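What follows is a single structure, written as structure tokens, with notes after it.
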There are 2 protein chains.
Amino acid sequence: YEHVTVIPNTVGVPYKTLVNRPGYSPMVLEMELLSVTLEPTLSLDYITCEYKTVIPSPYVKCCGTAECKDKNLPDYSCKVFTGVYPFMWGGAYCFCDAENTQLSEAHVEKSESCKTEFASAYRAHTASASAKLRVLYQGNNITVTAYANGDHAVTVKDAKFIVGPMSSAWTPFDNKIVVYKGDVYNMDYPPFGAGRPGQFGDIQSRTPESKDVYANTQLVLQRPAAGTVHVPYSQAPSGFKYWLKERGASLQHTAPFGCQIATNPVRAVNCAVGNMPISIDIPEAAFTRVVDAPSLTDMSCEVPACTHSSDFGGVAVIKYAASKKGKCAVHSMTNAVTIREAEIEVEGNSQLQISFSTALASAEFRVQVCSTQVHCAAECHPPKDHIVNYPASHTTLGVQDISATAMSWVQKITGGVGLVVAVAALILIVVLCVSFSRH
Amino acid sequence: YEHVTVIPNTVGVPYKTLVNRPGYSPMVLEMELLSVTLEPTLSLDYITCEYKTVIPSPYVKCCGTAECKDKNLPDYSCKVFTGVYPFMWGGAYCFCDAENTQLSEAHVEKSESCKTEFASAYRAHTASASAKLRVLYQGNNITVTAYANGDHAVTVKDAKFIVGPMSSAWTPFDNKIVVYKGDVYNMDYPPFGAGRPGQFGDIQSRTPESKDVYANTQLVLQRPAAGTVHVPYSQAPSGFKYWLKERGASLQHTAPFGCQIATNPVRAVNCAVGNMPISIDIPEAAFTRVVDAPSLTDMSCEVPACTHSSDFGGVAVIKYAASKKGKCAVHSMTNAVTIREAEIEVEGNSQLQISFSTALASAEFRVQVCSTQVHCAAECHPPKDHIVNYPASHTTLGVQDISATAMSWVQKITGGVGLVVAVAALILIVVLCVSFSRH
Ligand SMILES: *[C@@H]1O[C@H](CO[C@@H]2O[C@@H](C)[C@@H](O)[C@@H](O)[C@@H]2O)[C@@H](O[C@H]2O[C@H](CO)[C@@H](O[C@H]3O[C@H](CO)[C@@H](O)[C@H](O)[C@@H]3O)[C@H](O)[C@H]2NC(C)=O)[C@H](O)[C@H]1NC(C)=O
Ligand SMILES: *[C@@H]1O[C@H](CO[C@@H]2O[C@@H](C)[C@@H](O)[C@@H](O)[C@@H]2O)[C@@H](O[C@H]2O[C@H](CO)[C@@H](O)[C@H](O)[C@H]2NC(C)=O)[C@H](O)[C@H]1NC(C)=O
Ligand SMILES: CC(C)CCC[C@@H](C)[C@H]1CC[C@H]2[C@@H]3CC=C4C[C@@H](O)CC[C@]4(C)[C@H]3CC[C@]12C
Ligand SMILES: CC(C)CCC[C@@H](C)[C@H]1CC[C@H]2[C@@H]3CC=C4C[C@@H](O)CC[C@]4(C)[C@H]3CC[C@]12C
């Protein structure tokens, strides 16, 4: 028997479904999502990290003019200065003083620290959904793990579970993300080969091991102080360090729908978005015939207490006469009331107790004990507490559902007004009938 | 100077773009795409290959019943047969002629050959385009390689090149593809864990090295007969072998737009789809001031011959006064006529010769040389060869807004009829004016 249902993607909230296969006793299954993961496919664009400025010892020509040569280093610059007469601790550097000249050069390389401290710029495309499902099958607890794309069949204890496709393709991740350690950010990082000084991605390489490095630090060489050999320069501070200090809140703190974000691999966990279709192939061995099941008659329902605390605080007691000892599945006949118990053992002449959760002001509902149905009713009270640390177990009710039996006031008022109209209409009709009888 | 142009997404076809920077001699750049690659991102779902059936020696219990134990092998069956009386070359094997039973078992496992001969079922998501562009920068041929997603800018000869984004995201690959060798197929392979006998995917594993194997071969053990000891069985033939024989044409031969398909990794190559925006950053050193450039005077154009066919069948000759010796760019002022040469040299009072390609039955175009223009026109002949093995070089085909010479017949007929209407209208107007002058 193939049974198809749809449940909300909310994690930690169980749902029950009734399987109706004529000739067999009704079966009730319970399903709960323990974990839902959306894992994006990423493609690395570049790695950015703190740059290291390299300045070799300056060259001083004691008498004569030095010349610069071009180099292919990422941001190489060279300049020759004249009219320089530097001093050493023991006296003047050299004798000739008229044309003593100096050559200064510098370039930029990625730091050796980039091996452990770096940020990765990724592009995201699509995501593969998967989930860990728990099902109460035949009175046992089975775990089913599958990809939620509708194309993955998993067999547990002779049942074929099909999960997905997902009703929604929404993700907390943007098309362009940056990942640092455990912190994922949705940032529009600059294009490769065209970074800016003082900004994220000022120095870039395609991979950590690459020798091909792009950098834009706007490094400018300056004239040395007279009497000295130091090499002054103007350079933008690393944009990597600024970014680390100004990162702001991470995605795991800002994401919608309570999404949890983790790295290595990058994934979103337990996002409360949309719903998930589930199809179960149930073997005939799992079914009990109606002739095998107990027959329950002479039943009645009492409800000694009801509070809409969303904690299954409602209690109902049903008296029954069983034809024989055995077990029957129990299921609510309304969406307004959820019953915690999936199955109940019945024997002889006795009563069973069940717990339920509802947001109804008046808990008027039908319950199916085995193959027969009882009717329950109660006046429910509000909770004293305002806030709880758990999600409600009951469903959302409409305006027509939340109404109490006290709504009879509405019927009395509406009927009164409707009667006034009906009478006035009759009076006009009678007068018109007479009016056209005499003219 | 920032210059932006757009070219058709074609391969092996040059395009000309005119760069107009006031105060400088006009620059003409020749661009050609040498290769365009669209590379899909794939995620492996499963591997399917040829299954092997293994049948261990049968166990014979001459005086008693053999028992059966189940196994967790990918596809396992076991059965006990009674009333067997097996024979060997030297005579009957079993002494007892009663209570003689035989235990038969068989299982399916992946063949050793699956490490080499297999088909991979992939899920396709998105694709990243890239291209190899030839640019005639400063008259030189330079190679520019970049991604075509409006990113990964590169610098060649101090010029920056940005390619894309592509005008179309169309791909020859469907969401589900199967790869065997150099042949990629758009086949809707069955879901993992639910393959069918006699069909592709009858045996499945997530990876070639995995010990987790799914199989569905409908293997059934049969009873032995005639005193033999063989173990007969019924099993569907591998769906892999059937698929290989019935593969049909691969995507390499069936894909639209002339797309070429390559594998390891999978690529779509040189698809003639949409267009490709190109942005070039041109260094100031690349421009020559109009004061330094040659300026031509007293120019005239003649056209010795014209053929409205491919491969620049037309020829034109332009006379000029060089003034200062030097070189300049040549560009067509119409889209109807394409000039093959990008630039010419000017000296003395010599003429220049260029070739052109047009679909015009009667050529009529202007040519700009060294910032000045001449008017060229000719009657063009048709080609004799109906079919060629190369694409047309001219911009387009004839349209309602373009016609041959000697079309004065159209003007004469139109004018004659229009005159008849104009006269008839005047006659009626004058008569009416008189009629309305009465009373
Ligand atoms: C299937 O298993 C759940 C138990 O919880 C699950 O399994 C565990 C191992 C873990 O994976 C969890 O993430 C799962 O939710 C069971 O659910 C109920 O049984 C609990 C007792 O085993 C019950 O807790 C009770 O005891 C604690 C004190 O220890 C009290 O505070 C509680 O009030 C309660 O009396 C728990 O509350 C139950 N959960 C629900 C949602 O009703 C299922 O019964 C089990 N199925 C079977 C029949 O084995
Ligand atoms: C710059 O490029 C010219 C075109 O290059 C040709 O086509 C390219 C796609 C590539 O295959 C290259 O190897 C080819 O040479 C080229 O000039 C040539 O152009 C024609 C084809 O249009 C070619 O058959 C012929 O050999 C060349 N003709 C010349 C030399 O005028 C050449 O590489 C170079 N020309 C210049 C401007 O220096
Ligand atoms: C004496 C008479 C007028 C009492 C009437 C009480 C009525 C007007 C009140 C009491 C409870 C209220 C409902 C409570 C729940 C909901 C669900 C909400 O999503 C829409 C409004 C709706 C449906 C409310 C409509 C108004 C409501 C029905
Ligand atoms: C008086 C006689 C000679 C008029 C003949 C006009 C013919 C030769 C010319 C005039 C307009 C031309 C058309 C103009 C536009 C188009 C639409 C284009 O998508 C295909 C070519 C086509 C269809 C041209 C074909 C040739 C054409 C039809």
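FYI, nothing fancy with the structure tokens labels: chains A, B, ... in order, residues from 1 per chain, ligands from 1 as they appear.
Overlaying the C-alpha atoms of chain A on those of chain B by least squares yields an RMSD of 0.7 Å.
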To check your reading of the model: which residues sit at most 9 Å from ligand 4 when counting only C-alpha atoms and all ligand atoms? Write the answer as a PDB file with C-alpha atoms, in the first residue's frame.
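Contents of part_25.pdb, as written:
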```pdb
ATOM      1  CA  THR B 396      23.234  40.277 -43.158  1.00  0.00           C
ATOM      2  CA  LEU B 397      20.783  39.348 -45.900  1.00  0.00           C
ATOM      3  CA  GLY B 398      18.722  41.638 -48.114  1.00  0.00           C
ATOM      4  CA  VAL B 399      15.800  43.446 -46.478  1.00  0.00           C
ATOM      5  CA  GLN B 400      12.757  45.409 -47.656  1.00  0.00           C
ATOM      6  CA  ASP B 401      14.615  48.643 -46.862  1.00  0.00           C
ATOM      7  CA  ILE B 402      17.520  47.770 -49.171  1.00  0.00           C
ATOM      8  CA  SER B 403      17.410  47.470 -52.948  1.00  0.00           C
ATOM      9  CA  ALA B 404      19.583  47.342 -56.066  1.00  0.00           C
ATOM     10  CA  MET B 407      15.004  51.004 -59.118  1.00  0.00           C
ATOM     11  CA  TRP B 409      11.031  52.055 -62.117  1.00  0.00           C
ATOM     12  CA  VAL B 410       9.506  51.881 -58.648  1.00  0.00           C
TER      13      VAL B 410
END
```
Checklist entry - Counting only C-alpha atoms, which residues from chain A have an atom at most 8 Å from any atom of chain B, and could you show them as JSON, numbers by chain? => result {"A": [125, 126, 151, 152, 153, 154, 191, 192, 193, 194]}
Checklist entry - Residues within 12 Å of ligand 1 (only C-alpha atoms and all ligand atoms), as a ChimeraX atom specification? => result /A:11-16,29-35,132-143,311-313,339-344,355-356,390,393
For the residues selected in the previous step, produce a file with C-alpha atoms as an mmCIF file, in the first residue's frame.
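The new file again-v3.cif reads:
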```cif
data_model
loop_
_atom_site.group_PDB
_atom_site.id
_atom_site.type_symbol
_atom_site.label_atom_id
_atom_site.label_comp_id
_atom_site.auth_asym_id
_atom_site.auth_seq_id
_atom_site.Cartn_x
_atom_site.Cartn_y
_atom_site.Cartn_z
ATOM 1 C CA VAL A 11 12.015 20.552 13.059
ATOM 2 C CA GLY A 12 11.161 18.882 16.371
ATOM 3 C CA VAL A 13 7.416 18.828 15.718
ATOM 4 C CA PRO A 14 5.790 15.373 15.183
ATOM 5 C CA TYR A 15 2.811 14.804 12.893
ATOM 6 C CA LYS A 16 0.382 11.896 12.715
ATOM 7 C CA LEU A 29 1.954 6.482 11.692
ATOM 8 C CA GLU A 30 3.932 9.252 13.344
ATOM 9 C CA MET A 31 6.641 11.237 11.596
ATOM 10 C CA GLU A 32 9.049 13.852 12.906
ATOM 11 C CA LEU A 33 11.905 15.730 11.288
ATOM 12 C CA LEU A 34 15.041 15.659 13.410
ATOM 13 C CA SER A 35 17.273 17.542 11.006
ATOM 14 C CA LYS A 132 16.930 12.855 8.987
ATOM 15 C CA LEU A 133 13.421 11.528 9.548
ATOM 16 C CA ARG A 134 12.009 9.482 12.495
ATOM 17 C CA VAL A 135 8.897 7.304 11.997
ATOM 18 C CA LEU A 136 6.819 5.320 14.538
ATOM 19 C CA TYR A 137 6.327 2.200 12.470
ATOM 20 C CA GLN A 138 4.604 -0.884 13.870
ATOM 21 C CA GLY A 139 5.230 0.426 17.367
ATOM 22 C CA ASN A 140 8.962 0.783 16.911
ATOM 23 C CA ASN A 141 11.151 3.811 16.227
ATOM 24 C CA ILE A 142 13.020 3.735 12.921
ATOM 25 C CA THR A 143 15.462 6.275 11.506
ATOM 26 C CA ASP A 311 1.573 21.049 26.043
ATOM 27 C CA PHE A 312 -1.031 18.307 25.591
ATOM 28 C CA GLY A 313 -2.478 19.384 28.932
ATOM 29 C CA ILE A 339 -3.901 13.407 20.272
ATOM 30 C CA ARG A 340 -0.513 12.533 21.750
ATOM 31 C CA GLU A 341 -1.016 8.756 21.792
ATOM 32 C CA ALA A 342 -0.679 6.786 18.553
ATOM 33 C CA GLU A 343 -1.979 3.427 19.792
ATOM 34 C CA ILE A 344 -3.948 2.094 22.755
ATOM 35 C CA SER A 355 -3.995 13.521 26.229
ATOM 36 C CA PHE A 356 -4.633 16.241 23.676
ATOM 37 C CA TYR A 390 8.682 25.275 23.223
ATOM 38 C CA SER A 393 1.835 21.374 19.441
#
```
Checklist entry - Residues of stretch 113-211 of chain A in strand (DSSP E) according to DSSP, as a count of residues only? => result 45
Item to check | Selected residue of minimal separation from residue A:305 among A:381, A:289, A:241, A:181, counting only C-alpha atoms | outcome: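 Nearest to residue A:305: A:381.
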Checklist entry - Using the chain letters and numbers from this document, which residues of stretch 88-317 of chain A does DSSP assign to helix (DSSP H, G or I), as a PyMOL selection string? => result chain A and resi 112-115+239-245+251-254+256-258+284-286
Which residues come within 7 Å of stretch 201-215 of chain A, counting only C-alpha atoms, excluding same-chain residues fewer than 5 positions away, as a compact mmCIF listing (two decimals) with N, CA, C and O atoms, in the first residue's frame?
```
# COMPACT_ATOMS: atom_id res chain seq x y z
N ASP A 45 36.36 31.44 -6.05
CA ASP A 45 36.84 32.47 -6.96
C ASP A 45 38.26 32.89 -6.60
O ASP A 45 39.16 32.86 -7.44
N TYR A 46 38.47 33.25 -5.33
CA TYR A 46 39.81 33.61 -4.88
C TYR A 46 39.97 33.59 -3.37
O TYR A 46 38.99 33.61 -2.61
N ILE A 47 41.22 33.59 -2.94
CA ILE A 47 41.61 33.70 -1.54
C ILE A 47 42.25 35.05 -1.27
O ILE A 47 43.13 35.48 -2.02
N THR A 48 41.83 35.70 -0.21
CA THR A 48 42.44 36.97 0.17
C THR A 48 42.94 36.91 1.61
O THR A 48 42.33 36.26 2.46
N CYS A 49 44.08 37.56 1.87
CA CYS A 49 44.76 37.51 3.15
C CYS A 49 45.67 38.72 3.33
O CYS A 49 45.81 39.54 2.42
N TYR A 51 48.74 41.07 3.28
CA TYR A 51 49.91 41.17 2.42
C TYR A 51 51.16 41.51 3.23
O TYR A 51 51.07 42.15 4.27
N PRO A 74 54.45 41.58 -8.22
CA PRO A 74 53.04 41.95 -8.24
C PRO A 74 52.79 43.46 -8.20
O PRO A 74 51.87 43.95 -8.86
N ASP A 75 53.59 44.19 -7.45
CA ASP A 75 53.43 45.64 -7.36
C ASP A 75 54.79 46.31 -7.20
O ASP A 75 55.00 47.11 -6.29
N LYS A 115 48.46 30.78 5.00
CA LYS A 115 48.19 29.35 5.03
C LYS A 115 47.12 28.99 6.05
O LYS A 115 46.35 28.05 5.85
N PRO A 190 34.48 42.12 -4.46
CA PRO A 190 34.97 42.69 -5.70
C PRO A 190 35.51 41.61 -6.62
O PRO A 190 35.96 40.57 -6.14
N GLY A 193 41.15 40.34 -9.87
CA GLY A 193 42.08 41.09 -10.71
C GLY A 193 41.81 42.59 -10.69
O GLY A 193 42.51 43.35 -11.36
N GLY A 195 40.94 44.65 -7.52
CA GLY A 195 40.66 45.04 -6.14
C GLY A 195 41.03 46.50 -5.89
O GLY A 195 41.52 47.19 -6.79
N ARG A 196 40.79 46.96 -4.67
CA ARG A 196 41.07 48.34 -4.28
C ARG A 196 41.78 48.38 -2.93
O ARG A 196 41.53 47.53 -2.08
N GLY A 239 43.40 45.53 3.64
CA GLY A 239 41.95 45.56 3.71
C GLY A 239 41.44 44.32 4.43
O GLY A 239 40.29 44.27 4.85
```
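Neighbours of residue A:300 closer than or equal to 12 Å, with only C-alpha atoms counted and sequence neighbours fewer than 2 positions away skipped, come out as residues 296, 297, 298, 302, 303, 316, 317, 318, 319, 320, 321, 350, 351, 352, 366, 367, 368, 369, 372, 373, 374, 375, 376 and 377 of chain A.
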Only N, CA and C atoms, please: the residues just picked out, written as a compact mmCIF listing (two decimals), in the first residue's frame.
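Output saved as part.txt:
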```
# COMPACT_ATOMS: atom_id res chain seq x y z
N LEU A 296 -14.90 -2.39 19.19
CA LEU A 296 -15.25 -1.59 20.36
C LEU A 296 -16.63 -0.96 20.24
N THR A 297 -17.49 -1.27 21.20
CA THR A 297 -18.86 -0.76 21.21
C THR A 297 -19.23 -0.14 22.54
N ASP A 298 -20.43 0.43 22.61
CA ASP A 298 -20.95 1.03 23.83
C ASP A 298 -19.96 2.03 24.43
N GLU A 302 -15.68 11.32 28.21
CA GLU A 302 -15.73 12.34 29.25
C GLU A 302 -14.44 13.16 29.21
N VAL A 303 -14.55 14.46 29.47
CA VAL A 303 -13.38 15.32 29.46
C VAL A 303 -13.29 16.15 30.74
N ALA A 316 -8.72 13.38 28.27
CA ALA A 316 -10.01 12.79 27.95
C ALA A 316 -10.02 11.32 28.34
N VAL A 317 -11.17 10.86 28.83
CA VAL A 317 -11.33 9.47 29.21
C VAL A 317 -12.49 8.84 28.46
N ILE A 318 -12.21 7.73 27.78
CA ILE A 318 -13.23 7.06 26.99
C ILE A 318 -13.53 5.66 27.50
N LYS A 319 -14.79 5.42 27.82
CA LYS A 319 -15.23 4.11 28.26
C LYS A 319 -15.50 3.24 27.05
N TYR A 320 -15.12 1.96 27.12
CA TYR A 320 -15.35 1.07 25.99
C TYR A 320 -15.67 -0.36 26.42
N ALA A 321 -16.39 -1.07 25.55
CA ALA A 321 -16.58 -2.50 25.70
C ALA A 321 -15.90 -3.22 24.54
N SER A 350 -13.61 -1.54 30.17
CA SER A 350 -12.74 -0.61 30.88
C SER A 350 -12.76 0.77 30.25
N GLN A 351 -11.84 1.62 30.68
CA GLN A 351 -11.73 2.95 30.12
C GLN A 351 -10.29 3.28 29.79
N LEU A 352 -10.10 4.07 28.75
CA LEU A 352 -8.77 4.51 28.35
C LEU A 352 -8.61 6.01 28.55
N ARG A 366 -14.50 14.84 17.35
CA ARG A 366 -14.73 13.40 17.31
C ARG A 366 -13.41 12.64 17.38
N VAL A 367 -13.38 11.46 18.01
CA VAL A 367 -12.16 10.64 18.11
C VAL A 367 -12.42 9.25 17.59
N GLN A 368 -11.53 8.65 16.81
CA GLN A 368 -11.78 7.27 16.38
C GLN A 368 -10.97 6.26 17.14
N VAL A 369 -11.58 5.55 18.06
CA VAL A 369 -10.83 4.63 18.88
C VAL A 369 -10.27 3.42 18.18
N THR A 372 -14.57 2.54 15.46
CA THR A 372 -15.81 3.17 15.85
C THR A 372 -15.50 4.52 16.41
N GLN A 373 -16.46 5.44 16.42
CA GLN A 373 -16.15 6.80 16.83
C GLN A 373 -16.90 7.38 18.02
N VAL A 374 -16.23 8.09 18.92
CA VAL A 374 -16.95 8.76 20.01
C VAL A 374 -16.90 10.27 19.84
N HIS A 375 -17.79 10.98 20.52
CA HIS A 375 -17.78 12.44 20.48
C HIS A 375 -17.46 13.05 21.84
N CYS A 376 -16.49 13.97 21.86
CA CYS A 376 -16.02 14.63 23.09
C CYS A 376 -16.34 16.12 23.06
N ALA A 377 -16.61 16.70 24.23
CA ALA A 377 -16.81 18.14 24.33
C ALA A 377 -16.36 18.66 25.70
```
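The space separating atom CA of residue B:117 from atom CA of residue B:237 comes to 16.5 Å.
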Checklist entry - Given the choices A:104, A:120, A:218, A:228, which gets closest to residue A:85 if the distance is worked out from only C-alpha atoms? => result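 So, comparing all the options, the nearest one is A:228.
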Checklist outcome for this item: A straight line from atom CA of residue A:111 to atom CA of residue A:264 spans 23.4 Å
Next on the checklist: Excluding residue A:246 and its own-chain neighbours fewer than 4 positions away, which residues fall within 12 Å of it when counting only C-alpha atoms? Please give them as a ChimeraX atom specification.
Outcome noted: /A:185,199-200,239-242,250
Item to check | Distance query residue B:183 at most 12 Å, only C-alpha atoms, self and fewer than 5 positions along chain excluded, as number ranges by chain | outcome: B: 119-120, 177-178, 244, 247-255, 260-267
Take the residues that were just selected and, keeping N, CA and C atoms, output them as a PDB file, in the first residue's frame.
```
ATOM      1  N   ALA B 119      28.983   3.386 -16.420  1.00  0.00           N
ATOM      2  CA  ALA B 119      28.355   4.652 -16.773  1.00  0.00           C
ATOM      3  C   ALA B 119      28.053   5.454 -15.517  1.00  0.00           C
ATOM      4  N   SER B 120      28.343   6.746 -15.564  1.00  0.00           N
ATOM      5  CA  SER B 120      28.127   7.619 -14.419  1.00  0.00           C
ATOM      6  C   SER B 120      26.872   8.465 -14.570  1.00  0.00           C
ATOM      7  N   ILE B 177      22.170  13.838 -16.695  1.00  0.00           N
ATOM      8  CA  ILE B 177      22.998  13.355 -17.790  1.00  0.00           C
ATOM      9  C   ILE B 177      23.718  12.074 -17.404  1.00  0.00           C
ATOM     10  N   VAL B 178      24.041  11.268 -18.405  1.00  0.00           N
ATOM     11  CA  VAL B 178      24.813  10.055 -18.198  1.00  0.00           C
ATOM     12  C   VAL B 178      26.071  10.072 -19.047  1.00  0.00           C
ATOM     13  N   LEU B 244      24.253  -0.267 -23.612  1.00  0.00           N
ATOM     14  CA  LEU B 244      25.402   0.007 -24.466  1.00  0.00           C
ATOM     15  C   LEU B 244      25.092  -0.279 -25.929  1.00  0.00           C
ATOM     16  N   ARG B 247      22.286   2.520 -27.132  1.00  0.00           N
ATOM     17  CA  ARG B 247      22.535   3.900 -26.716  1.00  0.00           C
ATOM     18  C   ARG B 247      21.961   4.921 -27.687  1.00  0.00           C
ATOM     19  N   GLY B 248      22.087   4.648 -28.977  1.00  0.00           N
ATOM     20  CA  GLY B 248      21.643   5.593 -29.993  1.00  0.00           C
ATOM     21  C   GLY B 248      22.651   6.724 -30.136  1.00  0.00           C
ATOM     22  N   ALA B 249      22.238   7.805 -30.789  1.00  0.00           N
ATOM     23  CA  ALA B 249      23.121   8.942 -31.002  1.00  0.00           C
ATOM     24  C   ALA B 249      23.376   9.674 -29.691  1.00  0.00           C
ATOM     25  N   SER B 250      24.608  10.135 -29.504  1.00  0.00           N
ATOM     26  CA  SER B 250      24.969  10.905 -28.321  1.00  0.00           C
ATOM     27  C   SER B 250      24.762  12.394 -28.547  1.00  0.00           C
ATOM     28  N   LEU B 251      24.826  13.165 -27.465  1.00  0.00           N
ATOM     29  CA  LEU B 251      24.596  14.601 -27.520  1.00  0.00           C
ATOM     30  C   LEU B 251      25.568  15.281 -28.471  1.00  0.00           C
ATOM     31  N   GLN B 252      26.744  14.693 -28.629  1.00  0.00           N
ATOM     32  CA  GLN B 252      27.766  15.245 -29.504  1.00  0.00           C
ATOM     33  C   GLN B 252      27.260  15.389 -30.933  1.00  0.00           C
ATOM     34  N   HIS B 253      26.304  14.547 -31.314  1.00  0.00           N
ATOM     35  CA  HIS B 253      25.801  14.540 -32.679  1.00  0.00           C
ATOM     36  C   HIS B 253      24.392  15.109 -32.795  1.00  0.00           C
ATOM     37  N   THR B 254      23.683  15.215 -31.673  1.00  0.00           N
ATOM     38  CA  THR B 254      22.290  15.653 -31.713  1.00  0.00           C
ATOM     39  C   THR B 254      22.088  17.075 -31.198  1.00  0.00           C
ATOM     40  N   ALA B 255      23.090  17.629 -30.526  1.00  0.00           N
ATOM     41  CA  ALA B 255      22.953  18.958 -29.940  1.00  0.00           C
ATOM     42  C   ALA B 255      22.721  20.013 -31.025  1.00  0.00           C
ATOM     43  N   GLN B 260      29.667  21.409 -29.723  1.00  0.00           N
ATOM     44  CA  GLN B 260      30.549  20.260 -29.603  1.00  0.00           C
ATOM     45  C   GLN B 260      30.587  19.795 -28.156  1.00  0.00           C
ATOM     46  N   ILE B 261      30.606  18.487 -27.951  1.00  0.00           N
ATOM     47  CA  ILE B 261      30.611  17.946 -26.599  1.00  0.00           C
ATOM     48  C   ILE B 261      31.899  17.203 -26.292  1.00  0.00           C
ATOM     49  N   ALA B 262      32.510  17.554 -25.169  1.00  0.00           N
ATOM     50  CA  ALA B 262      33.739  16.918 -24.710  1.00  0.00           C
ATOM     51  C   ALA B 262      33.554  16.418 -23.286  1.00  0.00           C
ATOM     52  N   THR B 263      34.329  15.408 -22.897  1.00  0.00           N
ATOM     53  CA  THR B 263      34.238  14.869 -21.544  1.00  0.00           C
ATOM     54  C   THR B 263      35.583  14.878 -20.836  1.00  0.00           C
ATOM     55  N   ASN B 264      35.550  14.626 -19.530  1.00  0.00           N
ATOM     56  CA  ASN B 264      36.750  14.594 -18.705  1.00  0.00           C
ATOM     57  C   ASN B 264      37.532  15.905 -18.726  1.00  0.00           C
ATOM     58  N   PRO B 265      36.958  16.977 -18.171  1.00  0.00           N
ATOM     59  CA  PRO B 265      35.606  17.171 -17.665  1.00  0.00           C
ATOM     60  C   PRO B 265      34.602  17.410 -18.784  1.00  0.00           C
ATOM     61  N   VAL B 266      33.319  17.408 -18.440  1.00  0.00           N
ATOM     62  CA  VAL B 266      32.261  17.651 -19.419  1.00  0.00           C
ATOM     63  C   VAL B 266      32.170  19.122 -19.805  1.00  0.00           C
ATOM     64  N   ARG B 267      32.151  19.393 -21.112  1.00  0.00           N
ATOM     65  CA  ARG B 267      32.045  20.762 -21.619  1.00  0.00           C
ATOM     66  C   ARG B 267      31.124  20.871 -22.827  1.00  0.00           C
TER      67      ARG B 267
END
```
